[PDB]
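Colleague: whatever this is, show me its structure:
(chains A and B)
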Amino acid sequence: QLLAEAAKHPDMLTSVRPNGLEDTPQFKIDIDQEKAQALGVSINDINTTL
Amino acid sequence: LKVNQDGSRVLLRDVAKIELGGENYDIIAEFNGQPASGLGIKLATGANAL
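Modeller: Numbers count the residues shown, from 1 in each chain, chains lettered A, B, ... in the order given. Let me share the structure:
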């Protein structure tokens, strides 16, 4: 919102921009606790394996 | 917490109450008799009070 308004006073502000990085794709992996417990597979073995 | 013999689930919410609540419950303050909180600030050594 702020960057859009800054861009509307080119008479005053120029190169007004973020210094950082923009959101990106990432991979959500959900460990199903019930199935893990039913198989007798420990969360700690799962998470350190991964 | 665990899966029972008959496949039913035991959730934490079944054996515990869960609530946001103080790390501790020892201090309670009041300002002219109404609920309050606040900060008690001590002065670093040798620093200027004002």
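Colleague: ok, residue B:2 - contacts?
Modeller: Contacts of residue B:2 were listed using CB atoms under 8 Å, 6 or more residues apart in numbering or on different chains, and they are A:37, B:10. The way it works is simple: take the backbone N, C-alpha and C, and place the C-beta from them, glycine included.
Colleague: now it: phi and psi?
Modeller: phi -170, psi 160 (degrees, to the nearest 10).
Colleague: backbone torsions only: list them for the residue of chain A found nearest chain B.
Modeller: Per CB to the nearest CB, the residue of chain A with the smallest distance to chain B is residue A:37, at 5.4 Å. Phi and psi for residue A:37, reported as degrees, to the nearest 10, are phi -70, psi -40.
Colleague: which bits of chain B sit near chain A?
Modeller: Proximity of chain B to chain A (CB under 8 Å from any CB of the partner chain) is limited to residues B:2-3, B:9.
Colleague: tell me the one of the residues you listed nearest chain A?
Modeller: Distances from chain A to these, taken by CB to the nearest CB, are shortest for residue B:3, at 5.4 Å.
Colleague: pretty sure the closest one is in contact with residue B:11, am I right?
Modeller: No: checked against CB atoms under 8 Å, the pair residue B:3 and residue B:11 is beyond contact range at 10.7 Å.
Colleague: of these two, who's got more company?
Modeller: residue B:3 (14 against 9; other CB atoms under 10 Å in any protein chain shown).
Colleague: who's in contact with the more buried one?
Modeller: A:34, A:37-38, B:9-10.
Colleague: can you pick the most crowded of these?
Modeller: residue A:37 leads those on contacts (other CB under 10 Å) with 15 neighbours.
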